[PDB]
Amino acid sequence: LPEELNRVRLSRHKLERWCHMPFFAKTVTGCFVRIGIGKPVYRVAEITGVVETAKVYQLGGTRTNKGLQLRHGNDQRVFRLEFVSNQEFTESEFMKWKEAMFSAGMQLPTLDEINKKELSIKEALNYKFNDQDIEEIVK
Amino acid sequence: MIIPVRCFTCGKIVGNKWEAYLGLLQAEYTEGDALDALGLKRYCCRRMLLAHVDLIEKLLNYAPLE
Amino acid sequence: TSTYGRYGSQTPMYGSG
Amino acid sequence: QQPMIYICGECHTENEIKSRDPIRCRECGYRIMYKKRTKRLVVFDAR
Ligand SMILES: [Zn+2]
Ligand SMILES: [Zn+2]
């Protein structure tokens, strides 16, 4: 279903609050994003890890140069956090992603996996900043 | 701190004349001539342009942001 | 205050660049 | 769902400070910050 898959969709507004929070390669790795390719067609890709690009760009108020190593079945390349769209996974895009996953041979994540992963972002959002992370954030 | 809106004694509007007063003083005119050039007959309304201190400038120097 | 999108703020594309 | 937003001292940049947290700005890092105007009906009489 597309509705259950949009629960872990990391929109463009949520990523602005974890630009410098540690454990970025743990809570983010697992979710899906609607990266814009470019005309209005979109392709859902899996978050394999985290990379850092040499180009510095501003995204509204804040500004980040980090990348995002994504993959859509087999075709993989470097992307940016500025091309991500806030739209939800449509039926056509959902079917396209399902077909790409089936063709690439990657087993579809089980429903319980998404159910237990969606809580990661929720518990990270209300995380108290009691440790020594503000120093690294300001740096 | 800022030019009042009306003369305390008389009541005539004097708020809309501070900029004109400064301009006339800058061009060539003196104070004694500028005051009656603006239209201030009574001596009670003339203190507003002579006694007033423009402290809003110093306040604006402490800009909050940028 | 999770995501005040209200659509969005004109999202750029990859090939457009 | 009000996280008690604040305004930084010198940056004048909004910050979300919750209870049991240090009082510092999201960037640079200072120790001074003020609050924002209330949302109540501040109504005066021009008297
Ligand atoms: Zn007078
Ligand atoms: Zn700070």
# chains A, B, ... in the order shown; residues from 1 in each chain; ligands from 1
$ closest_atom_pairs --of "chain B" --to "ligand 1" --cutoff "7 Å" --atoms "only C-alpha atoms and all ligand atoms" --output "tab-separated table"
residue	atom	partner	partner_atom_place_in_ligand_line	distance
B:7	CA	ligand 1	1 (Zn)	4.9
B:8	CA	ligand 1	1 (Zn)	6.6
B:9	CA	ligand 1	1 (Zn)	5.3
B:10	CA	ligand 1	1 (Zn)	4.5
B:11	CA	ligand 1	1 (Zn)	6.7
B:12	CA	ligand 1	1 (Zn)	6.8
B:42	CA	ligand 1	1 (Zn)	5.9
B:43	CA	ligand 1	1 (Zn)	6.0
B:44	CA	ligand 1	1 (Zn)	3.2
B:45	CA	ligand 1	1 (Zn)	2.4
B:46	CA	ligand 1	1 (Zn)	6.0
$ interface_residues --of "chain D" --to "chain A" --cutoff "12 Å" --atoms "only C-alpha atoms" --output "list in words"
residues 1, 3, 13, 14, 15, 16, 17, 18, 19, 20, 21, 22, 23, 24, 25, 26, 27, 28, 29 and 30 of chain D
$ write_last_selection --atoms "N, CA, C and O atoms" --output "compact mmCIF listing (two decimals), in the first residue's frame"
# COMPACT_ATOMS: atom_id res chain seq x y z
N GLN D 1 1.38 21.95 21.71
CA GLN D 1 2.71 21.59 21.24
C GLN D 1 3.59 22.82 21.09
O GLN D 1 4.00 23.18 19.99
N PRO D 3 7.13 24.37 22.09
CA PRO D 3 8.44 24.04 22.65
C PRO D 3 9.15 25.22 23.30
O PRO D 3 10.35 25.11 23.58
N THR D 13 18.48 34.86 16.24
CA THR D 13 17.96 33.70 15.53
C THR D 13 17.10 32.88 16.47
O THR D 13 17.50 32.62 17.61
N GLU D 14 15.94 32.46 15.99
CA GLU D 14 15.02 31.69 16.82
C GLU D 14 15.65 30.38 17.25
O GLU D 14 16.43 29.77 16.52
N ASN D 15 15.33 29.95 18.47
CA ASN D 15 15.82 28.68 18.99
C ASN D 15 14.70 28.01 19.78
O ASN D 15 13.88 28.68 20.40
N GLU D 16 14.68 26.69 19.73
CA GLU D 16 13.71 25.89 20.46
C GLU D 16 14.40 25.30 21.69
O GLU D 16 15.17 24.35 21.58
N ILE D 17 14.12 25.87 22.85
CA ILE D 17 14.70 25.43 24.11
C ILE D 17 13.60 24.82 24.96
O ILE D 17 12.59 25.48 25.23
N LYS D 18 13.79 23.58 25.37
CA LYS D 18 12.85 22.88 26.24
C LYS D 18 13.45 22.77 27.63
O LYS D 18 14.60 23.13 27.88
N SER D 19 12.63 22.28 28.56
CA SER D 19 13.07 22.16 29.94
C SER D 19 14.23 21.18 30.05
O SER D 19 14.40 20.29 29.21
N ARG D 20 15.04 21.36 31.09
CA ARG D 20 16.19 20.50 31.37
C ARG D 20 17.18 20.49 30.20
O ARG D 20 17.73 19.45 29.84
N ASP D 21 17.41 21.66 29.62
CA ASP D 21 18.34 21.81 28.51
C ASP D 21 19.22 23.01 28.76
O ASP D 21 18.81 23.95 29.45
N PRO D 22 20.44 23.02 28.23
CA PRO D 22 21.29 24.20 28.39
C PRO D 22 20.74 25.37 27.58
O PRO D 22 20.04 25.20 26.58
N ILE D 23 21.06 26.57 28.04
CA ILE D 23 20.60 27.80 27.42
C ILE D 23 21.72 28.28 26.51
O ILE D 23 22.63 28.99 26.92
N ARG D 24 21.65 27.88 25.24
CA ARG D 24 22.64 28.27 24.25
C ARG D 24 21.97 28.33 22.89
O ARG D 24 20.89 27.76 22.68
N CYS D 25 22.60 29.05 21.97
CA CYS D 25 22.07 29.22 20.64
C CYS D 25 22.41 28.01 19.77
O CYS D 25 23.37 27.27 20.03
N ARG D 26 21.59 27.79 18.74
CA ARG D 26 21.82 26.66 17.85
C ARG D 26 23.13 26.79 17.09
O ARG D 26 23.74 25.78 16.74
N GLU D 27 23.57 28.01 16.83
CA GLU D 27 24.82 28.27 16.14
C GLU D 27 25.73 29.05 17.08
O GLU D 27 25.35 29.36 18.21
N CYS D 28 26.93 29.37 16.58
CA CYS D 28 27.96 30.10 17.32
C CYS D 28 28.04 29.58 18.75
O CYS D 28 28.97 28.86 19.11
N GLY D 29 27.08 29.98 19.57
CA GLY D 29 27.00 29.52 20.93
C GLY D 29 27.24 30.63 21.93
O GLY D 29 28.38 30.92 22.28
N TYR D 30 26.16 31.23 22.41
CA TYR D 30 26.20 32.27 23.42
C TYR D 30 25.39 31.81 24.61
O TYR D 30 24.82 30.72 24.63
$ interface_residues --of "chain C" --to "chain A" --cutoff "6 Å" --atoms "only C-alpha atoms" --output "PyMOL selection string"
chain C and resi 3+11-15
$ atom_distance --atom1 "CA of residue 44 in chain A" --atom2 "CA of residue 107 in chain A"
15.2 Å
$ atom_distance --atom1 "CA of residue 114 in chain A" --atom2 "CA of residue 9 in chain A"
10.6 Å
$ select_by_dssp --residues "range 26-127 of chain A" --states "alpha helix (DSSP H)" --output "PyMOL selection string"
chain A and resi 26-27+91-104+111-125
$ write_last_selection --atoms "N, CA and C atoms" --output "PDB file, in the first residue's frame"
ATOM      1  N   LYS A  26      22.184   6.224  11.214  1.00  0.00           N
ATOM      2  CA  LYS A  26      21.436   5.151  11.853  1.00  0.00           C
ATOM      3  C   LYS A  26      19.929   5.344  11.757  1.00  0.00           C
ATOM      4  N   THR A  27      19.427   6.531  12.106  1.00  0.00           N
ATOM      5  CA  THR A  27      17.992   6.782  12.024  1.00  0.00           C
ATOM      6  C   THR A  27      17.534   7.065  10.600  1.00  0.00           C
ATOM      7  N   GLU A  91       0.277   6.510  -6.525  1.00  0.00           N
ATOM      8  CA  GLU A  91       0.029   5.139  -6.955  1.00  0.00           C
ATOM      9  C   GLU A  91       0.940   4.755  -8.115  1.00  0.00           C
ATOM     10  N   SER A  92       1.081   5.647  -9.097  1.00  0.00           N
ATOM     11  CA  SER A  92       1.948   5.371 -10.238  1.00  0.00           C
ATOM     12  C   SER A  92       3.397   5.217  -9.796  1.00  0.00           C
ATOM     13  N   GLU A  93       3.879   6.144  -8.964  1.00  0.00           N
ATOM     14  CA  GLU A  93       5.246   6.044  -8.465  1.00  0.00           C
ATOM     15  C   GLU A  93       5.417   4.823  -7.569  1.00  0.00           C
ATOM     16  N   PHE A  94       4.385   4.479  -6.793  1.00  0.00           N
ATOM     17  CA  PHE A  94       4.448   3.279  -5.963  1.00  0.00           C
ATOM     18  C   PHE A  94       4.614   2.030  -6.821  1.00  0.00           C
ATOM     19  N   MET A  95       3.822   1.921  -7.891  1.00  0.00           N
ATOM     20  CA  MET A  95       3.936   0.773  -8.785  1.00  0.00           C
ATOM     21  C   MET A  95       5.282   0.759  -9.497  1.00  0.00           C
ATOM     22  N   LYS A  96       5.782   1.933  -9.892  1.00  0.00           N
ATOM     23  CA  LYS A  96       7.095   2.000 -10.526  1.00  0.00           C
ATOM     24  C   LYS A  96       8.190   1.522  -9.579  1.00  0.00           C
ATOM     25  N   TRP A  97       8.137   1.957  -8.317  1.00  0.00           N
ATOM     26  CA  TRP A  97       9.125   1.521  -7.338  1.00  0.00           C
ATOM     27  C   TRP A  97       9.022   0.024  -7.079  1.00  0.00           C
ATOM     28  N   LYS A  98       7.796  -0.499  -6.986  1.00  0.00           N
ATOM     29  CA  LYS A  98       7.620  -1.935  -6.795  1.00  0.00           C
ATOM     30  C   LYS A  98       8.200  -2.722  -7.964  1.00  0.00           C
ATOM     31  N   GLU A  99       7.933  -2.274  -9.193  1.00  0.00           N
ATOM     32  CA  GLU A  99       8.473  -2.953 -10.366  1.00  0.00           C
ATOM     33  C   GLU A  99       9.996  -2.889 -10.392  1.00  0.00           C
ATOM     34  N   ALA A 100      10.568  -1.730 -10.049  1.00  0.00           N
ATOM     35  CA  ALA A 100      12.024  -1.603 -10.016  1.00  0.00           C
ATOM     36  C   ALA A 100      12.636  -2.531  -8.974  1.00  0.00           C
ATOM     37  N   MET A 101      12.020  -2.610  -7.792  1.00  0.00           N
ATOM     38  CA  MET A 101      12.511  -3.509  -6.753  1.00  0.00           C
ATOM     39  C   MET A 101      12.419  -4.965  -7.194  1.00  0.00           C
ATOM     40  N   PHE A 102      11.305  -5.343  -7.826  1.00  0.00           N
ATOM     41  CA  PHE A 102      11.143  -6.715  -8.296  1.00  0.00           C
ATOM     42  C   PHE A 102      12.154  -7.053  -9.388  1.00  0.00           C
ATOM     43  N   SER A 103      12.455  -6.090 -10.263  1.00  0.00           N
ATOM     44  CA  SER A 103      13.415  -6.334 -11.336  1.00  0.00           C
ATOM     45  C   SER A 103      14.839  -6.416 -10.803  1.00  0.00           C
ATOM     46  N   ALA A 104      15.173  -5.596  -9.805  1.00  0.00           N
ATOM     47  CA  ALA A 104      16.528  -5.598  -9.268  1.00  0.00           C
ATOM     48  C   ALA A 104      16.815  -6.806  -8.388  1.00  0.00           C
ATOM     49  N   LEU A 111       6.630  -5.474   6.409  1.00  0.00           N
ATOM     50  CA  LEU A 111       5.810  -4.426   7.009  1.00  0.00           C
ATOM     51  C   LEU A 111       6.247  -4.128   8.438  1.00  0.00           C
ATOM     52  N   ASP A 112       6.586  -5.169   9.205  1.00  0.00           N
ATOM     53  CA  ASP A 112       7.051  -4.953  10.571  1.00  0.00           C
ATOM     54  C   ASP A 112       8.324  -4.118  10.602  1.00  0.00           C
ATOM     55  N   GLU A 113       9.167  -4.236   9.572  1.00  0.00           N
ATOM     56  CA  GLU A 113      10.378  -3.424   9.506  1.00  0.00           C
ATOM     57  C   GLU A 113      10.037  -1.940   9.462  1.00  0.00           C
ATOM     58  N   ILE A 114       9.107  -1.555   8.584  1.00  0.00           N
ATOM     59  CA  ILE A 114       8.697  -0.157   8.503  1.00  0.00           C
ATOM     60  C   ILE A 114       7.977   0.261   9.778  1.00  0.00           C
ATOM     61  N   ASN A 115       7.178  -0.644  10.352  1.00  0.00           N
ATOM     62  CA  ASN A 115       6.449  -0.328  11.576  1.00  0.00           C
ATOM     63  C   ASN A 115       7.403  -0.008  12.719  1.00  0.00           C
ATOM     64  N   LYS A 116       8.491  -0.770  12.837  1.00  0.00           N
ATOM     65  CA  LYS A 116       9.460  -0.546  13.901  1.00  0.00           C
ATOM     66  C   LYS A 116      10.478   0.531  13.550  1.00  0.00           C
ATOM     67  N   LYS A 117      10.601   0.893  12.272  1.00  0.00           N
ATOM     68  CA  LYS A 117      11.518   1.951  11.872  1.00  0.00           C
ATOM     69  C   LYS A 117      10.889   3.334  11.949  1.00  0.00           C
ATOM     70  N   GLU A 118       9.576   3.437  11.727  1.00  0.00           N
ATOM     71  CA  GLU A 118       8.921   4.740  11.783  1.00  0.00           C
ATOM     72  C   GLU A 118       9.003   5.354  13.175  1.00  0.00           C
ATOM     73  N   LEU A 119       9.096   4.522  14.216  1.00  0.00           N
ATOM     74  CA  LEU A 119       9.231   5.038  15.572  1.00  0.00           C
ATOM     75  C   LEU A 119      10.595   5.664  15.828  1.00  0.00           C
ATOM     76  N   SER A 120      11.600   5.338  15.010  1.00  0.00           N
ATOM     77  CA  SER A 120      12.937   5.886  15.220  1.00  0.00           C
ATOM     78  C   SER A 120      12.937   7.403  15.079  1.00  0.00           C
ATOM     79  N   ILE A 121      12.304   7.913  14.020  1.00  0.00           N
ATOM     80  CA  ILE A 121      12.240   9.358  13.813  1.00  0.00           C
ATOM     81  C   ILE A 121      11.436  10.019  14.923  1.00  0.00           C
ATOM     82  N   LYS A 122      10.335   9.387  15.335  1.00  0.00           N
ATOM     83  CA  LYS A 122       9.497   9.950  16.389  1.00  0.00           C
ATOM     84  C   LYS A 122      10.274  10.074  17.695  1.00  0.00           C
ATOM     85  N   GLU A 123      11.021   9.027  18.058  1.00  0.00           N
ATOM     86  CA  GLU A 123      11.780   9.061  19.303  1.00  0.00           C
ATOM     87  C   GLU A 123      13.000   9.966  19.199  1.00  0.00           C
ATOM     88  N   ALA A 124      13.536  10.159  17.992  1.00  0.00           N
ATOM     89  CA  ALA A 124      14.648  11.086  17.825  1.00  0.00           C
ATOM     90  C   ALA A 124      14.193  12.538  17.878  1.00  0.00           C
ATOM     91  N   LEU A 125      12.966  12.823  17.431  1.00  0.00           N
ATOM     92  CA  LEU A 125      12.475  14.198  17.435  1.00  0.00           C
ATOM     93  C   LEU A 125      12.380  14.753  18.851  1.00  0.00           C
TER      94      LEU A 125
END
$ closest_residue --among "B:19, B:61, B:14, B:49" --to "residue 31 in chain B" --atoms "only C-alpha atoms"
B:49
